[PDB]
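As structure tokens, the structure follows; a few thoughts come after it.
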Ligand code: HEM
Ligand SMILES: CC1(C)[C@@H]2CC[C@@]1(C)C(=O)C2
Ligand SMILES: [K+]
């Protein structure tokens, strides 16, 4: 419901946006969040939803606050407060200076050198999955590709069995888009319950998988503790299971609904990397926050020590002040401004893996299934939270005018 207005918040800044169920969700989730950028809405508002918190609505403020970790701390980075307080993943829940030492280790397991070598496998799985679907003339894209493609790449990287996916995906989703059956703290404890014995097993008998590497890792030259390893591995499993998975569905829904854009990439395949960047801007999907470390006047608004502020990564690139005609998709956009992978010291470490998964998907899908559309009479429903997504994406095409590679 609505939390009592704190005594320091003026009524004129109140805009009761619900990040877990925004009122304009039927329009599309990005559209739903973009109501915060209508001309009469201030740059910084307070919502009484979800326990009460600030929201920065414009790219300028969102970038500034992400750079300023001294005032805007990552120690409580989720709304609602009980979720941010419980949240202890590494490096996400840390500020510099301590955060920094943990990035090199995360880089070892998800960074460019890993991705470079993940190459043939990512390519082979994309092709296999898509070829299987091609002669059917239909699929449920979320379950048939968006989930298994990035999730199998991740489970392989992490040396975790594929049969564990349903459990782990359910838990991850409770942390970003809870259905109400579990608190964030319960979902996180269940993830840790899974991870703890595995981490100990791989500290005793190390492999070459990501969990082994983290569990046996060093951080600025000293051994990682079991606790830190667990906190880092939890983050890796959320990144693997609930990021690219959602983004692929926004992108494919857009392509299903825009033949002209499909044609563009079929005719000019070299534009695929640039298209990936533009789609990352338009279909940005993450919204994290920070907590005030002190009372602080920010852009004319009095923020109080301990207030939470939602800083939607999603919103920077949709801001007309960053990109003209922001809801319009233009693969030839010359300065594609966004903070889709974050901003400041926590810039996404998985972004190279994510782009490779996106670009491989766009190329290999359009090769095999160039012409597809939304299933007859389907109304595509989005879902909103810390990471937003697509509930279901039924697609159809005529298989007779397709062929195997
Ligand atoms: C479309 C895909 C993705 C998006 C939009 C995305 C977004 C983000 C964002 C916004 C942050 C910064 C949050 C903050 O302010 O602390 C971040 C951090 C991070 N991401 Fe990603 N991410 C994606 C994919 C991945 C994947 C696939 C992985 C690994 C499998 C991953 C691993 C990480 C890690 C380890 C960090 C922590 C960096 C730090 O706190 O220093 N991400 N991501
Ligand atoms: C905000 C994120 C996308 C980033 C990586 C996974 C995620 C849900 C986090 O907890 C940190
Ligand atoms: K915390």
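Numbering (PDB author numbering), first residue to last: 10 to 414. Every residue gets a Cβ at the ideal spot worked out from N, C-alpha and C, and that includes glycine.
Per DSSP, what kind of secondary structure is residue i in: helix, strand or coil?
i, result
"residue 307", "strand"
"residue 223", "helix"
"residue 401", "coil"
"residue 138", "helix"
"residue 451", "Outside the modelled stretch of the chain, which goes from 10 to 414, sits residue 451, for which no answer is possible."
"residue 197", "helix"
"residue 376", "helix"
"residue 341", "coil"
"residue 81", "strand"
"residue 271", "helix"
"residue 232", "strand"
"residue 266", "helix"
"residue 396", "strand"
"residue 176", "helix"
"residue 162", "helix"
"residue 204", "helix"
"residue 369", "helix"
"residue 312", "strand"
Nearer than 7 Å: is that true of the beta carbon of residue i relative to any heavy atom of ligand 3?
i, result
"residue 93", "yes"
"residue 102", "yes"
"residue 316", "no"
"residue 85", "yes"
"residue 407", "no"
"residue 97", "yes"
Between residue i and ligand 2, is there a pair consisting of the residue's CB and a ligand heavy atom that are separated by less than 7 Å?
i, result
"residue 248", "yes"
"residue 289", "no"
"residue 395", "yes"
"residue 302", "no"
"residue 411", "no"
"residue 415", "What the structure shows of the chain is the stretch from 10 to 414, and residue 415 is not part of that stretch, so it cannot be assessed."
"residue 244", "yes"
"residue 251", "yes"
"residue 185", "yes"
Would the C-beta of residue i count as close to ligand 1, meaning under 7 Å from any of its heavy atoms?
i, result
"residue 355", "yes"
"residue 360", "yes"
"residue 117", "no"
"residue 351", "yes"
"residue 65", "no"
"residue 259", "no"
"residue 292", "no"
Between the alpha carbons of residue i and residue j, how many angstroms are there, rounded?
i, j, result
"residue 260", "residue 292", "7 Å"
"residue 386", "residue 254", "24 Å"
"residue 180", "residue 396", "14 Å"
"residue 225", "residue 214", "10 Å"
"residue 191", "residue 211", "29 Å"
"residue 22", "residue 61", "12 Å"
"residue 29", "residue 342", "31 Å"
"residue 218", "residue 194", "27 Å"
"residue 89", "residue 414", "48 Å"
"residue 48", "residue 66", "11 Å"
"residue 121", "residue 364", "11 Å"
"residue 184", "residue 101", "14 Å"
"residue 139", "residue 154", "8 Å"
"residue 390", "residue 150", "13 Å"
"residue 18", "residue 91", "21 Å"
"residue 147", "residue 317", "44 Å"
Go to residue i, then tell me how far its beta strand (DSSP E) extends in each direction, as first and last residue.
i, result
"residue 299", "297-301"
"residue 65", "62-65"
"residue 54", "53-56"
"residue 317", "317-320"
"residue 149", "147-149"
Let's see if you can read the secondary structure: which residues bound the alpha helix (DSSP H) around residue i?
i, result
"residue 169", "Here residue 169 belongs to no alpha helix (DSSP H), and DSSP marks it neither H nor E."
"residue 247", "235-250"
"residue 285", "281-291"
"residue 125", "121-126"
"residue 75", "68-76"
"residue 38", "38-43"
"residue 94", "90-95"
Cβ of residue i within 7 Å of any heavy atom in ligand 5?
i, result
"residue 160", "Among the ligands modelled here, namely ligand 1, ligand 2 and ligand 3, ligand 5 does not occur."
May I ask you to verify whether the stretch 185-204 touches the stretch 231-245, counting CB pairs closer than 8 Å and requiring at least 3?
With a cut-off of 8 Å, the stretch 231-245 and the stretch 185-204 count as touching, because enough Cβ pairs lie within range.
Take every Cβ of the stretch 290-297, pair it with every Cβ of the stretch 307-324, and state whether three or more of those distances are shorter than 8 Å.
Yes, since at least three Cβ pairs between the stretch 290-297 and the stretch 307-324 fall closer than 8 Å, the two stretches touch.
Is the stretch 334-347 close to the stretch 266-286, with three or more CB pairs under 8 Å?
The answer is yes - the stretch 266-286 touches the stretch 334-347, with three or more Cβ pairs under 8 Å.
Does the structure place the stretch 30-49 close enough to the stretch 90-104 that three or more beta carbon pairs sit under 8 Å?
Contact fails: fewer than three Cβ-Cβ distances are below 8 Å.
Determine, using beta-carbon pairs with one atom in the stretch 228-242 and one in the stretch 113-121, whether at least three such pairs fall under 8 Å.
Taking 8 Å as the limit for Cβ pairs, the verdict is that the stretch 113-121 does touch the stretch 228-242.
With three or more beta-carbon pairs closer than 8 Å as the criterion, would you say the stretch 118-136 touches the stretch 158-176?
Output reads yes: the stretch 158-176 touches the stretch 118-136.
Using 8 Å as the cut-off, can you tell me whether the stretch 78-85 makes contact with the stretch 40-50, which would need three or more C-beta pairs spanning the two stretches below that distance?
Judged by Cβ distances under 8 Å, the stretch 78-85 makes no contact with the stretch 40-50, as fewer than three pairs qualify.
Could you tell me whether the stretch 297-314 touches the stretch 403-413, using the rule of 3 or more Cβ pairs below 8 Å?
No: fewer than three Cβ pairs fall under 8 Å.
Between the stretch 378-392 and the stretch 10-28, do three or more beta carbon pairs fall short of 8 Å?
Using a C-beta cut-off of 8 Å, the stretch 378-392 makes no contact with the stretch 10-28, since fewer than three inter-stretch Cβ pairs fall below that distance.
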